[PDB]
Amino acid sequence: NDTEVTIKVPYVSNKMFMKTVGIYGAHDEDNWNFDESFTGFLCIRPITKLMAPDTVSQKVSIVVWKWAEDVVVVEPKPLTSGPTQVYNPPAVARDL
Amino acid sequence: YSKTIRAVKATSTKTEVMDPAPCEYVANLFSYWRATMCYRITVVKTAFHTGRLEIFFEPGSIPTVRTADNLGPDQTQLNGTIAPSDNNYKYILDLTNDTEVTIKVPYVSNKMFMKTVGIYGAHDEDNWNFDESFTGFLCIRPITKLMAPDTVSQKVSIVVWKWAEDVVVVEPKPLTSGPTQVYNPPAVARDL
Amino acid sequence: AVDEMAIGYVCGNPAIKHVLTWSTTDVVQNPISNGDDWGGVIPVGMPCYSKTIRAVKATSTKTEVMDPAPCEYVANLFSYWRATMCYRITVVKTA
Amino acid sequence: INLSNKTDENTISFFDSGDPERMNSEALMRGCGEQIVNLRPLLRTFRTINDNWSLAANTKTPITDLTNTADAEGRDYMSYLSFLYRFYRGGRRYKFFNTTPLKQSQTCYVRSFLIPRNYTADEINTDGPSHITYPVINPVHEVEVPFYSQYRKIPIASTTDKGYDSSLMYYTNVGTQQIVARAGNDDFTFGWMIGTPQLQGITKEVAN
Amino acid sequence: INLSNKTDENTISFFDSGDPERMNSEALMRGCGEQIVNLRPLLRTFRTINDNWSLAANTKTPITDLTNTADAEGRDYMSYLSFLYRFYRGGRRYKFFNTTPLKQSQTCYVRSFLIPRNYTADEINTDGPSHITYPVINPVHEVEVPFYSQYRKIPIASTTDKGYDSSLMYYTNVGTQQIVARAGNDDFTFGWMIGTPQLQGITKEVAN
Amino acid sequence: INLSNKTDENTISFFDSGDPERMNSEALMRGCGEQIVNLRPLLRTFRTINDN
Amino acid sequence: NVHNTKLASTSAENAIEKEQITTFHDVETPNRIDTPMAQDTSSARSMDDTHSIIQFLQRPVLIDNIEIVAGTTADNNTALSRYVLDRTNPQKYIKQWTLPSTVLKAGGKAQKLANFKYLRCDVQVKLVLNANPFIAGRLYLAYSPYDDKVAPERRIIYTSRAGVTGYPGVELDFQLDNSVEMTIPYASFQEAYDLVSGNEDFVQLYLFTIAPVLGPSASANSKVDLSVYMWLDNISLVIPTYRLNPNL
Amino acid sequence: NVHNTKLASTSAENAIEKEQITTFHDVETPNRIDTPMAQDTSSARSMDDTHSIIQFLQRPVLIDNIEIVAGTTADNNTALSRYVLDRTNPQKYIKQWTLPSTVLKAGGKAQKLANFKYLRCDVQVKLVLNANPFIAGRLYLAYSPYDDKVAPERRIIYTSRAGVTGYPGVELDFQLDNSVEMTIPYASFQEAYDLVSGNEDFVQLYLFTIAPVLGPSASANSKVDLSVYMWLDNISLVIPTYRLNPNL
């Protein structure tokens, strides 16, 4: 009958502050800061297969909202290779 | 737990002899027992012998080298490699000046009463009751090699006294194949 | 939670400066000079008194090395000093 | 460190266990139903020393002929425990359960007399107090021997004196076979506590 | 006499001298004028780590390129004392005194940015807080770096992590030569007290 | 069981952790030295929009 | 008086120290260098509480995951029989679990039981069931002590539906009870389980089919999926040892 | 009302159960068959107390056992040097111990740390020494944080006897201190040790020789035997995980 659960994950790490880099420039060669930017991860796995008769859809959509509480930011300078830049989607796929 | 075999003769008749303390003499009269076992471990040395001695308690059955007429401990399964004392109640004794420690072992087992059989008739084939007659065993191992100059003996004697406290005996009937019998040492080694 | 930066806590950290060898041959009223440099004699002060020379090569370049205790490490940072010097003289022996 | 060989009387117990008497009493309540705290009660119990003691008719037999072996054996408690002590006092009780497999006479009767210890039947009269039973209506001859002694205690060794304590003489008009059980009266006990002897266990024959 | 090897903790002083603090305070009043009782004040002082640090024009230089040697040398107090400890915390202060012997452009300016420690200039942006000076009107570029850390303490050894604390990036539009002096903010200090290293003294060349 | 698709507003936190503000304030005292709680102060700061 | 340094010195001449398992006897009180005015420079005590071995053993563990499909005529869907005339026609079960070994060998609990000898524990069981509202059925979850060591005529197998349902258990209907919790108490006649010598189980858990899965005469959707969770309760680990059960 | 049987039934329509690690959400309160008037039919609680993981980690463990012999001229008997001019002539030590890994990989403690992530701990050390009263000597036991990751010019090796003895340590004389106890505090700059990702040591323990073993100009009796014991103190295991350190 239920559909929803809100989950708050407090801050746990061997560091007082994590990095704000994340996936910026993250790839096979540059991968340390990404791992060091998060406290861990949630995984959503079925304990019981989805049960559905043939009168309804054989699938459901799992929507996840994200926000933060008890927030603390440390340095007013980004950790990025470059500056803060907003992506302005070009008119067509040929532009740069 | 200890017995010797007197073998005399054709054939070779074997009767097993026991060396009991008063606690063992009493226990032999009953089927099940329960007590707090107390051991006084003394070292015969001088003021110039030094060393560290580890006495640790291990619960359960004992590693044995089972023979056709007796049982004995397997000293190869009691080395610090196979038998670490890191998770065993123990007492490390310094011999610099002291010589003695009395150790009381309360009763611990998954049984309310253990058996009074012991080594009676215990051998390779009959070995269950022996293991079921004891709560475990102590092992005395050197933490530090014996230290002794060449002005004293290169060895010391470790004397162990045994008695019981908080004793409880259950059945007034022995568990033995046969009755209570006292060994009357014959005049010579040829008699039976 | 102690202040490890106070001069009394650093200069109060002792260090071994002499390990001498007193043999049965050592004469009476003669300084025990066997085992270490500056044998028997102990210059009283926060500065260093002992140094060895590392000579390497033409020429032979010589640089002098010091073996300082925390008091000496601290004193080297200043021009003049004044202190009460404390020495713990232990003997490694038997009964 | 100071040179010395001394004894500091260091004692240690290995577990943070509850009171041993609590646990013991619970275990008795759950798996024994009784508690033995002394070994005199075992002398008050009757235990068998011979399942077949044959007698010859019209013969006054002193029970020493049997006890002198039944004490060295160690099968009963009066014998097993005697090997721990050097003295004893008090009287004794004997029971004779009839095991006679044949009819010897129209009237079988059993009779017990007193006798000084280590005497023979040709050394004593048949007067004094006595007890008589008829195995056909009562196949259990129960009798008690008091402590009629010249001495307050009796040793378990050989003495120069003889007849210094009382014993039992047994008589029957027919050949009877009996199970003999003995025990101590409400006043029997032992003395010094001494060391133990060696015990005999299983015996085997091996055709080497 | 008793055989033993023991320690009685015997202590002796050699003179019937006055209170050492009295004499010390008098000596300070007469020949020093001040009293140093802690070594953090020395981290609050500024001391030189390089009298001539040349820079290339239009180049973002991290000061690690210099401190990574100025710390192993042992010339300044932040380095000399670091060899006694294993940790540190807090921020740092740097001063850059201009020593440029030539006119490179009508307008010389100096600029300092933040940067995570042990990073390169091609690994960080030039945004964030900054300080700019003009050596012609102000030849002293004074700047402070806070303790922007993922950790409450920083060790003086190598780590697996990188960018866990802040540092300084230095920029100039011309080739400048500078005297660099550093120090700690009002919150910098060290941790464990450990043993001393060996000290280097006078060096000589000898044509053997 | 009753046929329904509803929302019970179930919420869970995963650790018996101390007060987040305590830990946050300690971490600031030990590794930042300041606390940014609003973004107008950033409009009060000066930041570069062109170096030339 | 001095800092960072322990200086060799005399002390009391009879020292007994006990550290939580072991007992040291020394000639004299050891010379100890501890840290002056020590404080906790970590934040672990602020992240969570430290979990005891008991708490670790009270952690639910996934043991099995079953998927019963309608019209299979398998032991998982074969209904409980009225009579049992022969041991060749016993009562069929969906799953069976030997306890408590089934839990000790699961969830990393054996690692926390290692180096111990005795254990008294109650086993806590939980099923979670899922079936579309168009599927019906009923199961009986029951435990039989010493069922693997008792005579067959006394087993929960080899008896009748009425006998089976006379055992302690819970009704598990699909549209009434999507979850059931069961508690099995300490089942050994002994004073505690032996984790080293006596590798043994004292109670067997069974999941029986009262009514088979009832669905439309369709397909792949007429089915029910279960998942079993297990942990321990009322725990006591007491006597340490150096030995292990190779069976973990 | 009835006995031994849970009957399928309705219940409250929003059930949240938490068992010590996990949190269950069920449609309705499960039907639970527990034991009526249950009691503890064991005696384990009467044999000893149940030891927590902390207590298990406070258990002294034998790490090493050294036997120094006089006149060996080995690193175990080579005395601490006054100067160190080259890294080819460093200070020689008897033994070295990387901490805290040396203890976590000993005594079966890794089994009780498994399935955890973070750890704050103080290491407790104890030496026990034995030497006949006719043998003399002195050793210095010291710990150097980050000695394996710091520059060589900052290591306790590659410095002088005075520097070495300036490190935190204890004098260990043969005829004054047959036993010494040392406490090493939490040494990570981090908020806790990572037991899964960061396989690392933060403090190295050394045993140095101030004066070599002094005995008569004999043989086999002029020697000293040591044994090292280690355990943990001020412990906190907080965050669980499914991952392990293959290095245990």
# chains A, B, ... in the order shown; residues from 1 in each chain; ligands from 1
call {"tool": "residues_around", "arguments": {"residues": "residue 145 (chain B)", "least_positions_apart": "6", "cutoff": "10 Å", "atoms": "only C-alpha atoms", "output": "MDAnalysis selection string"}}
result
(chainID B and resid 50:53) or (chainID H and resid 67 130:131 224:226)
call {"tool": "write_last_selection", "arguments": {"atoms": "N, CA and C atoms", "output": "PDB file, in the first residue's frame"}}
result
ATOM      1  N   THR B  50      65.494 -17.530  36.817  1.00  0.00           N
ATOM      2  CA  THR B  50      64.426 -16.620  36.435  1.00  0.00           C
ATOM      3  C   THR B  50      63.733 -17.169  35.200  1.00  0.00           C
ATOM      4  N   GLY B  51      62.482 -16.768  35.033  1.00  0.00           N
ATOM      5  CA  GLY B  51      61.694 -17.221  33.908  1.00  0.00           C
ATOM      6  C   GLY B  51      60.264 -16.769  34.065  1.00  0.00           C
ATOM      7  N   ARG B  52      59.516 -16.922  32.978  1.00  0.00           N
ATOM      8  CA  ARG B  52      58.100 -16.599  32.945  1.00  0.00           C
ATOM      9  C   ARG B  52      57.326 -17.839  32.532  1.00  0.00           C
ATOM     10  N   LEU B  53      56.298 -18.167  33.305  1.00  0.00           N
ATOM     11  CA  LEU B  53      55.522 -19.382  33.122  1.00  0.00           C
ATOM     12  C   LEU B  53      54.077 -19.014  32.826  1.00  0.00           C
TER      13      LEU B  53
ATOM     14  N   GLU H  67      65.334 -13.513  21.746  1.00  0.00           N
ATOM     15  CA  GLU H  67      66.377 -14.155  22.542  1.00  0.00           C
ATOM     16  C   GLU H  67      67.707 -13.531  22.138  1.00  0.00           C
ATOM     17  N   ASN H 130      63.570 -11.503  31.022  1.00  0.00           N
ATOM     18  CA  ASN H 130      64.155 -12.450  31.959  1.00  0.00           C
ATOM     19  C   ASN H 130      65.646 -12.560  31.698  1.00  0.00           C
ATOM     20  N   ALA H 131      66.436 -12.381  32.753  1.00  0.00           N
ATOM     21  CA  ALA H 131      67.882 -12.505  32.678  1.00  0.00           C
ATOM     22  C   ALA H 131      68.391 -12.919  34.047  1.00  0.00           C
ATOM     23  N   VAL H 224      69.538 -12.980  27.330  1.00  0.00           N
ATOM     24  CA  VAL H 224      68.298 -12.415  27.849  1.00  0.00           C
ATOM     25  C   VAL H 224      67.179 -12.747  26.872  1.00  0.00           C
ATOM     26  N   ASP H 225      66.024 -13.127  27.412  1.00  0.00           N
ATOM     27  CA  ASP H 225      64.863 -13.512  26.622  1.00  0.00           C
ATOM     28  C   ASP H 225      63.722 -12.550  26.912  1.00  0.00           C
ATOM     29  N   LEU H 226      63.087 -12.051  25.854  1.00  0.00           N
ATOM     30  CA  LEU H 226      61.974 -11.124  25.970  1.00  0.00           C
ATOM     31  C   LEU H 226      60.731 -11.705  25.316  1.00  0.00           C
TER      32      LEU H 226
END
call {"tool": "interface_residues", "arguments": {"of": "chain B", "to": "chain H", "cutoff": "10 Å", "atoms": "only C-alpha atoms", "output": "short mmCIF file (atom, residue, chain, number, x, y, z; two decimals) with N, CA and C atoms, in the first residue's frame"}}
result
data_model
loop_
_atom_site.label_atom_id
_atom_site.label_comp_id
_atom_site.auth_asym_id
_atom_site.auth_seq_id
_atom_site.Cartn_x
_atom_site.Cartn_y
_atom_site.Cartn_z
N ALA B 47 67.31 -18.42 44.01
CA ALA B 47 67.15 -17.00 43.75
C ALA B 47 67.85 -16.56 42.47
N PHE B 48 68.51 -17.48 41.76
CA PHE B 48 69.25 -17.17 40.55
C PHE B 48 68.63 -17.79 39.31
N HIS B 49 67.56 -18.55 39.46
CA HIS B 49 66.74 -18.96 38.33
C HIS B 49 65.67 -17.90 38.08
N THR B 50 65.49 -17.53 36.82
CA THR B 50 64.43 -16.62 36.44
C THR B 50 63.73 -17.17 35.20
N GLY B 51 62.48 -16.77 35.03
CA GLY B 51 61.69 -17.22 33.91
C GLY B 51 60.26 -16.77 34.06
N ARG B 52 59.52 -16.92 32.98
CA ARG B 52 58.10 -16.60 32.95
C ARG B 52 57.33 -17.84 32.53
N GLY B 80 52.54 -23.15 20.69
CA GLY B 80 52.00 -21.82 20.51
C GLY B 80 51.47 -21.55 19.12
N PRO B 84 47.38 -21.25 20.43
CA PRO B 84 47.67 -19.94 21.01
C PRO B 84 46.88 -19.72 22.29
N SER B 85 47.50 -19.03 23.24
CA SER B 85 46.89 -18.72 24.52
C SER B 85 46.35 -17.30 24.56
N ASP B 86 46.17 -16.67 23.40
CA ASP B 86 45.74 -15.28 23.35
C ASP B 86 44.29 -15.09 23.75
N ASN B 87 43.45 -16.11 23.56
CA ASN B 87 42.05 -16.07 23.94
C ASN B 87 41.75 -17.17 24.96
N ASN B 88 42.60 -17.28 25.97
CA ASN B 88 42.45 -18.26 27.03
C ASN B 88 42.75 -17.61 28.37
N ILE B 92 50.33 -15.42 33.98
CA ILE B 92 51.75 -15.41 33.67
C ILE B 92 52.52 -15.15 34.95
N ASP B 94 56.04 -14.81 37.12
CA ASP B 94 57.46 -14.48 37.10
C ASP B 94 58.18 -15.23 38.21
N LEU B 95 59.31 -15.84 37.86
CA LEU B 95 60.08 -16.66 38.79
C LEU B 95 61.28 -15.92 39.37
N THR B 96 61.40 -14.62 39.11
CA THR B 96 62.55 -13.88 39.62
C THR B 96 62.73 -14.10 41.11
N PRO B 106 36.76 -22.72 38.67
CA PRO B 106 35.36 -23.05 38.91
C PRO B 106 34.85 -24.06 37.89
N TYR B 107 33.63 -24.53 38.14
CA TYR B 107 33.02 -25.53 37.28
C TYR B 107 32.33 -24.85 36.10
N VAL B 108 32.76 -25.20 34.89
CA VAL B 108 32.14 -24.70 33.67
C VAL B 108 32.01 -25.87 32.70
N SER B 109 30.80 -26.07 32.20
CA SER B 109 30.52 -27.12 31.23
C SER B 109 29.08 -26.98 30.78
N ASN B 110 28.77 -27.61 29.65
CA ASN B 110 27.39 -27.69 29.19
C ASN B 110 26.60 -28.77 29.91
N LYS B 111 27.19 -29.36 30.95
CA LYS B 111 26.54 -30.36 31.78
C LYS B 111 26.52 -29.87 33.22
N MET B 112 25.47 -30.27 33.95
CA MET B 112 25.39 -29.92 35.36
C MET B 112 26.35 -30.76 36.19
N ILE B 143 56.86 -18.89 28.81
CA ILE B 143 56.82 -17.64 28.06
C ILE B 143 58.24 -17.18 27.75
N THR B 144 59.15 -17.41 28.69
CA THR B 144 60.56 -17.07 28.55
C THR B 144 61.37 -18.28 28.95
N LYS B 145 62.38 -18.62 28.15
CA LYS B 145 63.22 -19.77 28.44
C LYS B 145 63.74 -19.68 29.87
N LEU B 146 64.09 -20.82 30.46
CA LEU B 146 64.62 -20.81 31.81
C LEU B 146 66.00 -20.17 31.81
N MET B 147 66.20 -19.20 32.69
CA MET B 147 67.45 -18.47 32.80
C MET B 147 68.20 -18.99 34.02
N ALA B 148 69.41 -19.46 33.81
CA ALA B 148 70.19 -20.03 34.90
C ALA B 148 71.67 -19.97 34.56
N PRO B 149 72.50 -19.37 35.42
CA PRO B 149 73.95 -19.44 35.18
C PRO B 149 74.47 -20.84 35.39
N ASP B 150 75.75 -21.06 35.09
CA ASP B 150 76.35 -22.38 35.26
C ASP B 150 76.76 -22.66 36.69
N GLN B 154 70.78 -26.47 35.73
CA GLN B 154 70.21 -26.07 34.45
C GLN B 154 68.76 -26.53 34.31
#
call {"tool": "select_by_dssp", "arguments": {"residues": "chain B", "states": "alpha helix (DSSP H)", "output": "PyMOL selection string"}}
result
chain B and resi 22-27+128-131
call {"tool": "interface_residues", "arguments": {"of": "chain E", "to": "chain F", "cutoff": "9 Å", "atoms": "only C-alpha atoms", "output": "list in words"}}
result
residues 89, 90, 127, 128, 129, 130, 146, 147, 148, 149, 150, 151, 152, 153 and 165 of chain E
call {"tool": "interface_residues", "arguments": {"of": "chain E", "to": "chain C", "cutoff": "7 Å", "atoms": "only C-alpha atoms", "output": "PDB file with C-alpha atoms, in the first residue's frame"}}
result
ATOM      1  CA  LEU E   3      72.220  -8.317  47.676  1.00  0.00           C
ATOM      2  CA  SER E   4      70.206  -6.029  45.412  1.00  0.00           C
ATOM      3  CA  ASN E   5      70.411  -3.708  42.417  1.00  0.00           C
ATOM      4  CA  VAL E  37      59.174  31.279  27.622  1.00  0.00           C
ATOM      5  CA  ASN E  38      57.500  29.578  24.639  1.00  0.00           C
ATOM      6  CA  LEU E  39      58.410  28.773  21.047  1.00  0.00           C
ATOM      7  CA  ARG E  40      55.077  29.655  19.405  1.00  0.00           C
ATOM      8  CA  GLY E 191      52.069  18.468  18.010  1.00  0.00           C
ATOM      9  CA  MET E 193      57.413  16.312  20.839  1.00  0.00           C
ATOM     10  CA  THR E 196      66.133  15.844  17.668  1.00  0.00           C
ATOM     11  CA  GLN E 198      71.679  15.908  13.875  1.00  0.00           C
ATOM     12  CA  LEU E 199      72.865  19.444  13.165  1.00  0.00           C
ATOM     13  CA  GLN E 200      75.213  20.644  10.434  1.00  0.00           C
ATOM     14  CA  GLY E 201      78.037  23.009  11.331  1.00  0.00           C
ATOM     15  CA  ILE E 202      80.989  24.687   9.672  1.00  0.00           C
ATOM     16  CA  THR E 203      82.144  23.138   6.401  1.00  0.00           C
ATOM     17  CA  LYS E 204      85.695  23.304   5.063  1.00  0.00           C
ATOM     18  CA  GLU E 205      87.516  22.280   1.899  1.00  0.00           C
ATOM     19  CA  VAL E 206      90.969  20.731   2.316  1.00  0.00           C
ATOM     20  CA  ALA E 207      93.269  19.974  -0.628  1.00  0.00           C
ATOM     21  CA  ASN E 208      94.797  16.908   1.005  1.00  0.00           C
TER      22      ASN E 208
END
call {"tool": "interface_residues", "arguments": {"of": "chain H", "to": "chain C", "cutoff": "6 Å", "atoms": "only C-alpha atoms", "output": "list in words"}}
result
residues 136, 160, 162, 165 and 166 of chain H
call {"tool": "interface_residues", "arguments": {"of": "chain A", "to": "chain E", "cutoff": "9 Å", "atoms": "only C-alpha atoms", "output": "count of residues only"}}
result
20
call {"tool": "closest_atom_pairs", "arguments": {"of": "chain E", "to": "chain G", "cutoff": "9 Å", "atoms": "only C-alpha atoms", "output": "CSV"}}
result
residue,atom,partner,partner_atom,distance
E:6,CA,G:10,CA,6.1
E:7,CA,G:9,CA,5.6
E:8,CA,G:10,CA,7.8
E:9,CA,G:9,CA,8.0
E:152,CA,G:41,CA,8.7
E:193,CA,G:4,CA,7.8
E:194,CA,G:4,CA,8.0
